[PDB]
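Input: a single structure, listed below in structure tokens.
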Amino acid sequence: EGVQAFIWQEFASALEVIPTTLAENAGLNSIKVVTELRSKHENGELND
Amino acid sequence: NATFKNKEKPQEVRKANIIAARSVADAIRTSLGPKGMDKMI
Amino acid sequence: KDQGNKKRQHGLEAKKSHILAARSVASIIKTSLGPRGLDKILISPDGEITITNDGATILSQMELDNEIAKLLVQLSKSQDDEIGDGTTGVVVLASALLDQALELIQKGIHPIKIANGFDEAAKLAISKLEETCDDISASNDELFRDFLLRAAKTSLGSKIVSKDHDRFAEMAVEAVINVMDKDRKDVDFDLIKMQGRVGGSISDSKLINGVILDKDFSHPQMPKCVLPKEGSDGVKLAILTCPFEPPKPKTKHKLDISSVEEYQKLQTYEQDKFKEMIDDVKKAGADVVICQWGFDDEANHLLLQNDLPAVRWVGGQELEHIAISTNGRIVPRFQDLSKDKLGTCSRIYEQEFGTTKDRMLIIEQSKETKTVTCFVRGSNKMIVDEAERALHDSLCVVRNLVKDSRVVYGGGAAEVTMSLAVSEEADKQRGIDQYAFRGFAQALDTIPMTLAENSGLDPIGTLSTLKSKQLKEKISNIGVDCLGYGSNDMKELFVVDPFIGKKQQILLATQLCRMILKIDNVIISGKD
Amino acid sequence: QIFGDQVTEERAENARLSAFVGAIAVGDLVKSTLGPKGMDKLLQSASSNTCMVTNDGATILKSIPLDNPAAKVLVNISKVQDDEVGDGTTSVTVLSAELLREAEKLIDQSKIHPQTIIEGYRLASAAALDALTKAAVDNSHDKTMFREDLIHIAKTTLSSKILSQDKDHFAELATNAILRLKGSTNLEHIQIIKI
Amino acid sequence: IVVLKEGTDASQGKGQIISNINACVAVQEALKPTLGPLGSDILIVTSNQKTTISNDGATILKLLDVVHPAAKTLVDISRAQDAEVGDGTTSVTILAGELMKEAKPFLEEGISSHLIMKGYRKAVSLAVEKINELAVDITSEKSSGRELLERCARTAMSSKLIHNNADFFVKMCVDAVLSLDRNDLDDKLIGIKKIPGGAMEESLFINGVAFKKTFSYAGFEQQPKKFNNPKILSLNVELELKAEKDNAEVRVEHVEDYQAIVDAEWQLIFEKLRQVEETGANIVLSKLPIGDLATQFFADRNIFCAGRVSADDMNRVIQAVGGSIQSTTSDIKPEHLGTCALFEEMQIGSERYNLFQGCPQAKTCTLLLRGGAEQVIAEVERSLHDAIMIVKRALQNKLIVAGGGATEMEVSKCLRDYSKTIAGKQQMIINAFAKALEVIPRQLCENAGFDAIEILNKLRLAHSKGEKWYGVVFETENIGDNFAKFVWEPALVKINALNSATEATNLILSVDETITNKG
């Protein structure tokens, strides 16, 4: 509740920078990579 | 309603520092990973 | 053609420029959202100063050279008739959607995918609203009428008429009942005429069951009233469109008298025509003569001698209103006039409002009719304008409520519920759909935040508290303090917005967002 | 570009700055004229052949052109004083300017919409009016003379009317209907039965 | 003492050609988002401040009218294509822009424009030959000018109520368009009537026009129900014992005079009814009710009559039978009489329905639908309307080629293959033209939000083997056989578009200098 929820949401959104940078440097589509990772995480936690 | 006056303007300095730090971070970002781009200085 | 002084944007700055223009347009009325929205000063080119917070009025009077802003304003002009009171909310929602689309594009999402995802999110939000809607008409007729009156009073209270707004709400409800039937549950605003003038007070409002026809009866000696004649069959109206004069040349005329023979011939012709017309009127049995055109001096004298008050220059729509109210028919000519086509009305008398000395003529039925006129008065032009706007808003709200029994509650509670549902559904759909749903939910979050800001509350804390209350405990109608309220949970405060109104707001916002996003190239020529 | 004909909406910051400061500046035109010991102000025409000096706040406000829309709005709203009382326009303008200045100072200390400021001003005005009503005194001593004057006025007004049938009776009725109320004299407190 | 150039000169040679190429590139970029049904719209504000948002290429070109001479030539060619064909204007502009882009590097390398134009002409010839080869016109492959229409109708009715029974409705839909002028097709010429009763598979196809019962006066079922040599004649206002039109109110104070007047009018009507027979009108139709006297006379004379015919039905019947409408009986002429092979009343649905059959020369037809409920017949009618529209569109251009870039991919592949056997300088131009032809699928994918690079690579890999109908699927991002999905474009339209684009390219590239005179 309060500003804490918004700041935590912003922190979580910022946490996705690392995979985005890895996808960009690897020549892969950032959106595709992040969507596939999130979809696969429905079953896995860290191995994907 | 009534809140803090905020007479001073530390926001200018804070935003300038944030902009400089973000520029440096963006410059360093492209080197992440095995396929990271090389930097020449 | 007109290549010089031609500007265009495409490929690099088109999307950013369009989104920034839309945001700038929205910021004009963003602070005016809600009943306590801040007012804006609008000044005519002649120097007339007016104060109002109506977003539709602010945008309608604003002209600009920006193409995206012009398109947004034009769309809002058309939407003003569809909803009226939701223009500011739709504009704000569209601006928030465009702001989110900016970030989505910055992430590499094509505009078409953004539009499709926004459409899907709007569908999901409408489904959630339908699921969470409540029925008032299906619960109790007394409660339904109470809610209609409450909505009318809420609409009226934002203006100066709040002192005695009950009369306006009652008149609006009576007009809706008289004009609207339950077969279609749609109010025909064309049959609800809005008329008024500066003067009097807010208590002079009156609902008329027919046309006004504030005419001077042409001849000074012509009687200004048509009495029921002590219990007679009301007043018989001669609905005519042919002018009450003989045919005349259109080139020279100058039918002067030079000798006895010409005088005799011209008098014979003119008197024969006038006598034919007046005899037809008398045989028809009409008590009052109504013509689409004026009357000649001889016609006026004959009507005065026969005690036949005359009405001059009645418009086609006025003639249709006369026919509807009096159950009559329009007769093209005098020769076609008969008792079988005359209309009947209770009386045609002069009515005084407050201190007004005009003594305007009004046609009254005193019975249920399919056409009515909402008469509005006030001590100032601003009062009259605000009263008319509030009456229009109340009529639209009543029409929406009657059309669909499902209703939602204001104060952003519906927006918060839709945002929560969209956020929950976003994690279930993979791909660009997740980003689109998250953006749509964030855009929906804008409305409650704007309302809180306009009310002096912190949008962040207010929105977080609303989400917590609507998620951890249960789904309810909890909004922001738009007005002075003891607490939250509008459900107990009786702040109700029609379900159809909210659905139309969401659909129009989505359509406007698609229209702005789907334009990827703008070309404007010079000016002469 | 928005609107046109030199009538365009100003930036929010500058718009609010104008709305407050320009409206407050109207008081400075009449602040020096407040009270019987006020100063004089010189109004000069373009030709300089019709310049005059006056200490009337209403004349100063209505004669000096005001380009800022906020000043126009303030003057138009304050004009109600002339119709209601016909005097004290200077005091109304000065008080409005001071209230606007205080509200501007509060906003500079809060940077939040003045709706709460409006509510606070409403409450303070209600309290001040209640105190003023409490502090008022009555000079209506010898109410018998006032009743006689009311009877005479009623008789004067009833002339040439249908009520002239019993002038004294109707004058007494009218005088009683006002005197015996011991409060508001509005027509809503007086009922007329027509039979 | 008069100067037109105001002392301003201009260069000539490859520089002006490159400037024209740049102008064409600007025009192509401007019109790029409008390509394809999924393309974006363009907002244009005229000198009068009128704002128009549209996606059609012709409207955009008319509103813009770029003053640049190369852009003027492109606009003129696009307008010519739109006027002569009306389809492919945007594609023509895009192809011309792409060809101009490809020509730029050749000019930069010193290649004369004449060689480029000759190579483009040769590539156009090869592309036309390959499109003609790819064009589908088959009989023995279970498809033809009629069987293909049946397949299209079945596809249109797919996932519908009558999908399982499409085997019979496809024939009706195809015959509806084929039963009238094949060079002039119109949906308004294919009517549908709903008759309750019977199975949906029992629906009847009527070559002529049919309508429900409209006669409800004396003599019903007392007149012939079948005609082998019918004569259809529409008489406007007679068929009554008393005049209906242009009549007057007559008041008579004596019984004898009124009776005499009525008898005279009846005798006049008797003479008119006799003349009706004398005119050889075996079928009498009218939009107004027919009296008992006329029906009795016609029944006694073996003549069929039916009044209260709706205007649309009467007009359709007249057009199908080739007759006309006569104001009076005395003015009936033989040239106004229509004839069909057989006219009869159908008893399906516990009611008699009039229909004209065996009239191949009819300009319109009617479909008779059967079913157990009105809702089922309504669904059948909707499916039949969809199938009729689809088959009409298919028949308007029977010569078809695979759509969704399949034709472009095939032409590009063929040109690339030929370039290996055209050894010489023309190889570069052939390869450039083949690459340019691939712009259409690229821009279509880009406007649709698809991954243009991946889709193009997959399409190129796939087209090298298998069928020649592989293209881009715009419903779900993928590639596949568009022809199997019933997605195609006219071959003639594509050929005309390519010809127009190449003509524009040759015209613009053939200009070395432009001179403008003040005026």
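Convention: chains lettered A, B, ... in structure tokens order; per-chain residue numbering from 1; ligands numbered from 1 as shown.
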* Backbone DSSP call of strand (DSSP E or B) for segment 13-115 of chain E, listed as JSON, numbers by chain -> {"E": [41, 42, 43, 44, 45, 51, 52, 53, 54]}
Considering only C-alpha atoms, tabulate each residue of chain C that lies at most 9 Å from chain A along with its nearest interatomic pair and the corresponding distance in Å to one decimal; arrange the rows by chain and ascending residue number and present them as CSV.
```
residue,atom,partner,partner_atom,distance
C:107,CA,A:31,CA,7.5
C:108,CA,A:31,CA,7.3
C:109,CA,A:31,CA,8.0
C:430,CA,A:35,CA,6.4
C:431,CA,A:35,CA,5.3
C:432,CA,A:31,CA,7.6
C:434,CA,A:35,CA,8.5
C:460,CA,A:3,CA,6.3
C:461,CA,A:2,CA,4.5
C:462,CA,A:2,CA,7.8
C:463,CA,A:2,CA,8.2
C:464,CA,A:1,CA,5.3
C:465,CA,A:1,CA,6.3
C:467,CA,A:1,CA,8.5
C:468,CA,A:1,CA,6.8
```
Same residues, N, CA, C and O atoms, saved as a compact mmCIF listing (two decimals), in the first residue's frame:
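That gives us part.txt:
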```txt
# COMPACT_ATOMS: atom_id res chain seq x y z
N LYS C 107 9.63 0.18 -26.71
CA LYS C 107 10.08 -1.18 -26.47
C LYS C 107 10.10 -2.03 -27.73
O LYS C 107 10.54 -3.19 -27.67
N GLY C 108 9.65 -1.50 -28.87
CA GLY C 108 9.68 -2.23 -30.12
C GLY C 108 8.37 -2.86 -30.55
O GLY C 108 8.39 -3.77 -31.38
N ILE C 109 7.24 -2.41 -30.01
CA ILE C 109 5.94 -2.97 -30.34
C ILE C 109 5.33 -2.16 -31.48
O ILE C 109 5.28 -0.93 -31.42
N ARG C 430 0.17 -14.48 -23.10
CA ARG C 430 1.58 -14.34 -23.44
C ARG C 430 1.77 -13.40 -24.62
O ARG C 430 0.83 -13.12 -25.38
N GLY C 431 2.99 -12.91 -24.77
CA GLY C 431 3.34 -12.07 -25.90
C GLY C 431 3.04 -10.60 -25.66
O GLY C 431 2.96 -10.11 -24.53
N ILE C 432 2.88 -9.89 -26.78
CA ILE C 432 2.60 -8.45 -26.72
C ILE C 432 1.29 -8.18 -26.01
O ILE C 432 1.03 -7.05 -25.56
N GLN C 434 0.38 -9.24 -23.11
CA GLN C 434 0.65 -8.91 -21.71
C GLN C 434 1.01 -7.43 -21.56
O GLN C 434 0.48 -6.74 -20.68
N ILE C 460 -1.29 8.82 -5.59
CA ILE C 460 -0.59 7.56 -5.34
C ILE C 460 -1.23 6.81 -4.18
O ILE C 460 -1.67 5.67 -4.31
N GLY C 461 -1.28 7.46 -3.01
CA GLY C 461 -1.86 6.82 -1.84
C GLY C 461 -3.32 6.49 -2.03
O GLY C 461 -3.79 5.43 -1.61
N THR C 462 -4.08 7.40 -2.65
CA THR C 462 -5.50 7.15 -2.87
C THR C 462 -5.71 5.93 -3.75
O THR C 462 -6.53 5.05 -3.44
N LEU C 463 -4.98 5.84 -4.87
CA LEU C 463 -5.13 4.71 -5.77
C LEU C 463 -4.70 3.41 -5.09
O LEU C 463 -5.36 2.37 -5.24
N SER C 464 -3.60 3.45 -4.33
CA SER C 464 -3.16 2.25 -3.63
C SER C 464 -4.19 1.79 -2.61
O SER C 464 -4.47 0.59 -2.51
N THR C 465 -4.77 2.73 -1.86
CA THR C 465 -5.80 2.36 -0.88
C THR C 465 -7.03 1.79 -1.57
O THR C 465 -7.61 0.81 -1.10
N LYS C 467 -7.15 0.20 -4.48
CA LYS C 467 -6.83 -1.14 -4.95
C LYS C 467 -6.79 -2.13 -3.80
O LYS C 467 -7.31 -3.25 -3.91
N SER C 468 -6.18 -1.75 -2.67
CA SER C 468 -6.13 -2.64 -1.52
C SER C 468 -7.53 -2.98 -1.03
O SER C 468 -7.85 -4.14 -0.78
```
* Please determine the contact residues of chain B with respect to chain D at a cut-off of 7 Å, counting only C-alpha atoms, and supply them as a PyMOL selection string. => chain B and resi 1-5
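For the atom pair formed by atom CA of residue 152 of chain C and atom CA of residue 86 of chain C, the distance is 15.4 Å, given to one decimal.
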Chain C near chain B within 9 Å: what's each residue's closest atom pair and its distance in Å to one decimal, counting only C-alpha atoms, ordered by chain then ascending residue number, as JSON lines?
```
{"residue": "C:455", "atom": "CA", "partner": "B:1", "partner_atom": "CA", "distance": 9.0}
{"residue": "C:456", "atom": "CA", "partner": "B:1", "partner_atom": "CA", "distance": 5.6}
{"residue": "C:457", "atom": "CA", "partner": "B:1", "partner_atom": "CA", "distance": 7.5}
```
Mind writing the picked residues with N, CA, C and O atoms as a PDB file, in the first residue's frame?
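Output file selection36.pdb is given in full below:
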```pdb
ATOM      1  N   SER C 455      -9.335  16.685  -6.359  1.00  0.00           N
ATOM      2  CA  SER C 455      -9.965  16.804  -5.051  1.00  0.00           C
ATOM      3  C   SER C 455      -8.974  17.149  -3.946  1.00  0.00           C
ATOM      4  O   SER C 455      -9.370  17.209  -2.778  1.00  0.00           O
ATOM      5  N   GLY C 456      -7.706  17.371  -4.281  1.00  0.00           N
ATOM      6  CA  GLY C 456      -6.699  17.685  -3.290  1.00  0.00           C
ATOM      7  C   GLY C 456      -6.094  16.490  -2.588  1.00  0.00           C
ATOM      8  O   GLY C 456      -5.308  16.678  -1.652  1.00  0.00           O
ATOM      9  N   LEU C 457      -6.432  15.275  -3.005  1.00  0.00           N
ATOM     10  CA  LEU C 457      -5.894  14.061  -2.412  1.00  0.00           C
ATOM     11  C   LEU C 457      -4.671  13.595  -3.189  1.00  0.00           C
ATOM     12  O   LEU C 457      -4.494  13.929  -4.364  1.00  0.00           O
TER      13      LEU C 457
END
```
Find the residues around residue 406 of chain C up to 6 Å (only C-alpha atoms counted), leave out those fewer than 5 positions away in its own chain, and share them as a CSV table (one decimal) with N, CA, C and O atoms, in the first residue's frame.
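Printed below is selection_19.csv as written:
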```csv
chain,number,residue,atom,x,y,z
C,133,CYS,N,-21.9,-5.3,-12.5
C,133,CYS,CA,-22.9,-4.3,-12.6
C,133,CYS,C,-24.1,-4.8,-11.7
C,133,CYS,O,-24.3,-6.0,-11.4
C,134,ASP,N,-24.9,-3.8,-11.3
C,134,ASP,CA,-26.1,-4.1,-10.5
C,134,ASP,C,-27.3,-3.5,-11.2
C,134,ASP,O,-27.2,-2.5,-11.9
C,135,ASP,N,-28.5,-4.1,-10.9
C,135,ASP,CA,-29.7,-3.7,-11.5
C,135,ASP,C,-30.6,-2.9,-10.5
C,135,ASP,O,-30.8,-3.4,-9.4
C,499,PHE,N,-24.3,1.9,-16.8
C,499,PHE,CA,-23.4,0.9,-17.4
C,499,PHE,C,-23.1,1.2,-18.8
C,499,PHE,O,-22.0,1.2,-19.3
```
* What's the 9 Å shell around segment 265-279 of chain E, counting only C-alpha atoms, without same-chain residues fewer than 6 positions away, as number ranges by chain? -> E: 238-243, 293-294, 297-298, 301, 303, 328-330, 332-334
Would you mind exporting C-alpha atoms of the selected residues as a PDB file, in the first residue's frame?
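Done, and the output landed in selection36.pdb:
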```pdb
ATOM      1  CA  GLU E 238     -57.308  -1.087 -64.957  1.00  0.00           C
ATOM      2  CA  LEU E 239     -58.399  -4.472 -63.622  1.00  0.00           C
ATOM      3  CA  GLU E 240     -61.459  -3.005 -61.904  1.00  0.00           C
ATOM      4  CA  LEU E 241     -65.168  -2.558 -62.524  1.00  0.00           C
ATOM      5  CA  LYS E 242     -64.780   1.060 -61.354  1.00  0.00           C
ATOM      6  CA  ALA E 243     -61.876   3.317 -62.291  1.00  0.00           C
ATOM      7  CA  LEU E 293     -64.640  -9.111 -62.571  1.00  0.00           C
ATOM      8  CA  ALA E 294     -61.216  -9.141 -64.233  1.00  0.00           C
ATOM      9  CA  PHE E 297     -63.063 -12.937 -67.158  1.00  0.00           C
ATOM     10  CA  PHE E 298     -59.456 -14.149 -67.256  1.00  0.00           C
ATOM     11  CA  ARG E 301     -60.648 -17.036 -70.979  1.00  0.00           C
ATOM     12  CA  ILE E 303     -55.821 -16.204 -68.558  1.00  0.00           C
ATOM     13  CA  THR E 328     -53.447   0.764 -70.363  1.00  0.00           C
ATOM     14  CA  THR E 329     -54.725  -2.384 -72.061  1.00  0.00           C
ATOM     15  CA  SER E 330     -55.459  -0.660 -75.376  1.00  0.00           C
ATOM     16  CA  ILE E 332     -50.370  -3.178 -75.063  1.00  0.00           C
ATOM     17  CA  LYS E 333     -47.870  -4.119 -77.770  1.00  0.00           C
ATOM     18  CA  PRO E 334     -46.375  -7.524 -78.677  1.00  0.00           C
TER      19      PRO E 334
END
```
Check: which chain E residues lie within 10 Å of chain C using only C-alpha atoms, as a short mmCIF file (atom, residue, chain, number, x, y, z; two decimals) with N, CA, C and O atoms, in the first residue's frame:
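Result file follows (result.cif):
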```
data_model
loop_
_atom_site.label_atom_id
_atom_site.label_comp_id
_atom_site.auth_asym_id
_atom_site.auth_seq_id
_atom_site.Cartn_x
_atom_site.Cartn_y
_atom_site.Cartn_z
N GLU E 29 8.21 6.49 -49.82
CA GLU E 29 8.16 6.49 -48.36
C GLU E 29 6.85 7.08 -47.86
O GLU E 29 6.28 6.60 -46.87
N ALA E 30 6.36 8.14 -48.52
CA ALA E 30 5.09 8.73 -48.11
C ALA E 30 3.94 7.75 -48.25
O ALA E 30 3.08 7.66 -47.37
N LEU E 31 3.92 6.99 -49.35
CA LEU E 31 2.81 6.08 -49.62
C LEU E 31 3.01 4.68 -49.06
O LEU E 31 2.10 3.85 -49.16
N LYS E 32 4.17 4.39 -48.47
CA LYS E 32 4.45 3.06 -47.91
C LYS E 32 3.43 2.58 -46.89
O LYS E 32 2.96 1.44 -47.02
N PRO E 33 3.04 3.35 -45.88
CA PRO E 33 2.15 2.81 -44.84
C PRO E 33 0.77 2.41 -45.34
O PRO E 33 0.08 1.65 -44.65
N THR E 34 0.35 2.89 -46.51
CA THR E 34 -0.99 2.63 -47.01
C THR E 34 -1.11 1.33 -47.79
O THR E 34 -2.21 0.97 -48.21
N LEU E 38 -4.05 -3.92 -44.05
CA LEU E 38 -3.64 -3.63 -42.69
C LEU E 38 -2.77 -2.38 -42.60
O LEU E 38 -2.25 -2.07 -41.52
N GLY E 39 -2.60 -1.66 -43.70
CA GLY E 39 -1.75 -0.49 -43.70
C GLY E 39 -2.34 0.65 -42.91
O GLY E 39 -3.53 0.70 -42.59
N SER E 40 -1.48 1.61 -42.59
CA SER E 40 -1.85 2.78 -41.80
C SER E 40 -2.39 3.88 -42.70
O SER E 40 -2.12 3.92 -43.91
N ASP E 41 -3.15 4.79 -42.10
CA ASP E 41 -3.76 5.89 -42.82
C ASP E 41 -2.86 7.12 -42.80
O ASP E 41 -1.95 7.24 -41.97
N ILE E 42 -3.12 8.04 -43.72
CA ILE E 42 -2.37 9.28 -43.85
C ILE E 42 -3.34 10.44 -43.72
O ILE E 42 -4.41 10.45 -44.35
N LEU E 43 -2.97 11.43 -42.92
CA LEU E 43 -3.78 12.62 -42.69
C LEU E 43 -3.19 13.77 -43.50
O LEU E 43 -2.00 14.08 -43.37
N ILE E 44 -4.03 14.39 -44.33
CA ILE E 44 -3.61 15.48 -45.20
C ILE E 44 -4.53 16.67 -44.96
O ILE E 44 -5.76 16.51 -44.91
N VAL E 45 -3.94 17.85 -44.81
CA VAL E 45 -4.68 19.09 -44.63
C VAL E 45 -4.48 19.93 -45.88
O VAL E 45 -3.34 20.24 -46.27
N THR E 46 -5.59 20.30 -46.53
CA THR E 46 -5.53 21.07 -47.76
C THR E 46 -5.36 22.56 -47.45
O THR E 46 -5.40 23.00 -46.30
N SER E 47 -5.17 23.34 -48.52
CA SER E 47 -5.03 24.79 -48.36
C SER E 47 -6.28 25.42 -47.76
O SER E 47 -6.19 26.51 -47.18
N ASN E 48 -7.43 24.76 -47.88
CA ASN E 48 -8.68 25.25 -47.30
C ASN E 48 -8.88 24.78 -45.87
O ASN E 48 -9.98 24.95 -45.33
N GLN E 49 -7.87 24.17 -45.26
CA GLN E 49 -7.90 23.67 -43.89
C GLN E 49 -8.76 22.42 -43.74
O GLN E 49 -8.98 21.96 -42.61
N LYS E 50 -9.25 21.86 -44.84
CA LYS E 50 -10.02 20.62 -44.77
C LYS E 50 -9.09 19.46 -44.43
O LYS E 50 -8.04 19.29 -45.06
N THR E 51 -9.48 18.66 -43.45
CA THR E 51 -8.69 17.52 -42.99
C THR E 51 -9.34 16.23 -43.46
O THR E 51 -10.53 16.01 -43.22
N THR E 52 -8.56 15.39 -44.14
CA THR E 52 -9.04 14.12 -44.66
C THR E 52 -8.09 13.01 -44.23
O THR E 52 -6.87 13.14 -44.39
N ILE E 53 -8.65 11.93 -43.69
CA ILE E 53 -7.88 10.75 -43.30
C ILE E 53 -8.38 9.59 -44.15
O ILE E 53 -9.57 9.24 -44.10
N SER E 54 -7.48 9.00 -44.94
CA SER E 54 -7.85 7.92 -45.84
C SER E 54 -6.63 7.05 -46.09
O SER E 54 -5.49 7.48 -45.89
N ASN E 55 -6.88 5.82 -46.53
CA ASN E 55 -5.83 4.87 -46.86
C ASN E 55 -5.70 4.60 -48.35
O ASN E 55 -4.66 4.11 -48.79
N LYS E 62 -3.99 12.37 -55.06
CA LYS E 62 -4.72 13.55 -55.50
C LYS E 62 -4.56 14.70 -54.50
O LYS E 62 -4.39 15.85 -54.90
N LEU E 63 -4.62 14.39 -53.20
CA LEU E 63 -4.49 15.44 -52.20
C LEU E 63 -3.08 16.02 -52.15
O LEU E 63 -2.92 17.22 -51.93
N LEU E 64 -2.06 15.18 -52.35
CA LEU E 64 -0.69 15.66 -52.26
C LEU E 64 -0.27 16.42 -53.52
O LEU E 64 0.04 17.61 -53.47
N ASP E 65 -0.27 15.74 -54.66
CA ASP E 65 0.11 16.33 -55.94
C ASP E 65 1.46 17.04 -55.83
O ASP E 65 1.58 18.25 -56.00
N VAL E 66 2.48 16.25 -55.53
CA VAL E 66 3.83 16.79 -55.36
C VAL E 66 4.26 17.48 -56.64
O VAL E 66 4.08 16.95 -57.75
N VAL E 67 4.84 18.67 -56.50
CA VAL E 67 5.15 19.50 -57.67
C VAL E 67 6.39 18.99 -58.39
O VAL E 67 6.63 19.35 -59.55
N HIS E 68 7.20 18.15 -57.75
CA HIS E 68 8.43 17.68 -58.36
C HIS E 68 8.11 16.95 -59.67
O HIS E 68 7.19 16.12 -59.70
N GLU E 446 5.68 -5.58 -43.09
CA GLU E 446 6.03 -4.50 -42.17
C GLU E 446 4.79 -3.76 -41.68
O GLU E 446 4.68 -3.45 -40.49
N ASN E 447 3.85 -3.48 -42.58
CA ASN E 447 2.63 -2.78 -42.18
C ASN E 447 1.77 -3.63 -41.27
O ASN E 447 1.03 -3.09 -40.43
N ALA E 448 1.83 -4.95 -41.41
CA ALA E 448 1.04 -5.86 -40.58
C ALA E 448 1.69 -6.14 -39.24
O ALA E 448 1.10 -6.89 -38.44
N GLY E 449 2.87 -5.59 -38.97
CA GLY E 449 3.54 -5.83 -37.71
C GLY E 449 4.31 -7.12 -37.64
O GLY E 449 4.83 -7.46 -36.56
N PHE E 450 4.40 -7.87 -38.73
CA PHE E 450 5.13 -9.12 -38.74
C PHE E 450 6.63 -8.87 -38.85
O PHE E 450 7.08 -7.77 -39.20
#
```
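With the cut-off set to 6 Å and only C-alpha atoms counted, chain D residues close to chain C are residues 1, 2 and 3 of chain D.
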Residues from last step as file, N, CA and C atoms, as a CSV table (one decimal), in the first residue's frame:
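Below is the file again.csv, written as the result:
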```csv
chain,number,residue,atom,x,y,z
D,1,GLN,N,0.1,26.4,-31.8
D,1,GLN,CA,-1.0,27.5,-31.8
D,1,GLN,C,-2.3,27.0,-31.5
D,2,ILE,N,-3.0,27.7,-30.6
D,2,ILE,CA,-4.4,27.3,-30.1
D,2,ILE,C,-5.3,28.6,-30.2
D,3,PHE,N,-6.6,28.3,-30.3
D,3,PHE,CA,-7.6,29.4,-30.4
D,3,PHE,C,-7.2,30.3,-31.5
```
* Can you list, as an MDAnalysis selection string, all residues belonging to segment 292-465 of chain C that DSSP tags as alpha helix (DSSP H)? => chainID C and resid 297:305 316:326 381:403 413:426 432:454 459:465
* To do: Provide the atom CA of residue 82 of chain E to atom CA of residue 486 of chain E distance in Å, to one decimal place.
  => 25.3 Å
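Taking only C-alpha atoms into account, residue 27 of chain B lies nearest to A:21 out of the set A:13, A:46, A:21, A:26.
Taking atom CA of residue 222 of chain C and atom CA of residue 268 of chain C as endpoints, the distance between them is 24.9 Å.
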* Within 7 Å of segment 231-239 of chain C, counting only C-alpha atoms, which residues qualify if same-chain residues fewer than 6 places away don't, as a PyMOL selection string? -> chain C and resi 286-291+329-331+342-347
